[PDB]
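Breakdown of the fold
Here is what each chain is made of, one letter per residue.
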Amino acid sequence: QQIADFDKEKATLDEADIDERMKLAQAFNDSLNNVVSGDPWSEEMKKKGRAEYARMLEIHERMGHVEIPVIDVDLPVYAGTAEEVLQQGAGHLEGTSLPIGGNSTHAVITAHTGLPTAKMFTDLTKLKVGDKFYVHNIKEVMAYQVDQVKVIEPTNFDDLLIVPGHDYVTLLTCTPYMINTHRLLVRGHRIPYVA
């Protein structure tokens with residue numbers, strides 16, 4: 001329904017509408033203030049208001065979905081990382097690039113581990129270097145290949161920032177499983193894709 005709704009509606013968008021929206025998204029990325037908003041699981045971040053910064057990419061509030069076939073994940077992605085968003089799917093980390101790719105871009109997509117009700121990113125620990133994931137947006141599907149998995153403390157954002165000369169997406173969750181004192185970062189680099 002959620003992902004289904006996005007793909008169906010995506011298919012109905014006029015190409016000129018997509019062109020306008022992508023212009024706005026590109027401009028946002030090109031001028032990005034690349035400073036990580038905060039640790040999504042902190043009280044200050046959980047209680048954040050609605051996020052409006054990605055409206056150009058949104059169909060019914062969803063800016064796309066993240067598909068990880070090897071662990072049977074396909075989650076809608078919403079703007080920001082407020083508690084309500086992470087209850088519903090994945091959240092885009094404000095301060096990171098919008099998920100439209102390009103050289104010198106780094107988008108971070110966040111979701112829970114260990115929610116009793118929905119698996120979300122629980123199986124991120126199963127991912128291996130070389131595994132693929134796919135980021136769907138209003139324009140296209142982008143392929144990424146995992147090249148680095150690491151564990152960090154929650155307020156260390158160094159590995160979440162743009163690396164000049166690379167096109168990265170990092171999938172972010174809490175770790176270890178059922179301990180949650182740290183964060184797991186699964187980073188992929190962009191690879192060619194033809195649907």
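What counts and what doesn't
- Residues numbered from 1 in each chain as written, not as in the entry; some residues may be left out.
- Heavy atoms only, no water.
- Pairing = 2+ DSSP bridges.
- Helix = DSSP H or I, 4+ residues; strand = E, 2+ residues; numbered from the N terminus.
- Axes fitted to C-alpha atoms, helices over the stretch in contact; angles between N-to-C directions.
- Contact = heavy atoms within 4.5 Å.
- Core = buried A, V, L, I, M, F, W, Y, C linked by side-chain atoms within 4.5 Å.
- Buried < 20%, exposed > 50% of the residue type's maximum accessible area, 1.4 Å probe, protein only.

- Looking at the entry header, you'll see X-ray crystallography listed as the method and 1.24 Å as the resolution.

1. Re the sheet that holds strand β7 (residues 167-175)
- Strand order in the closed barrel made by the 8 strands is β1-β2-β3-β4-β7-β8-β6-β5, with mixed pairing throughout. Strand-to-strand twist across the sheet, computed as the mean angle between neighbouring axes with direction ignored, equals 30 degrees.
- The strands that helix α1 (residues 2-12) touches are β1 (62-68), β2 (73-79), β5 (132-136) and β6 (141-152); relative to β1, the one it contacts most, it runs at about 115 degrees.

2. Let's talk about the nonpolar core
- Ranked by size, the top nonpolar core spans 38 residues in total, and within it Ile-68, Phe-121 and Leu-171 carry the most contacts.
- Going through the elements one at a time, α2 (15-30), β1, β2, β4 (105-110), β5, β6, β7 and β8 (182-191) are the ones with two or more residues in this core.
- Core analysis: the next-biggest nonpolar cluster, separate from the first, contains 12 residues, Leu-86, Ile-152, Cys-174 and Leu-185 among them.

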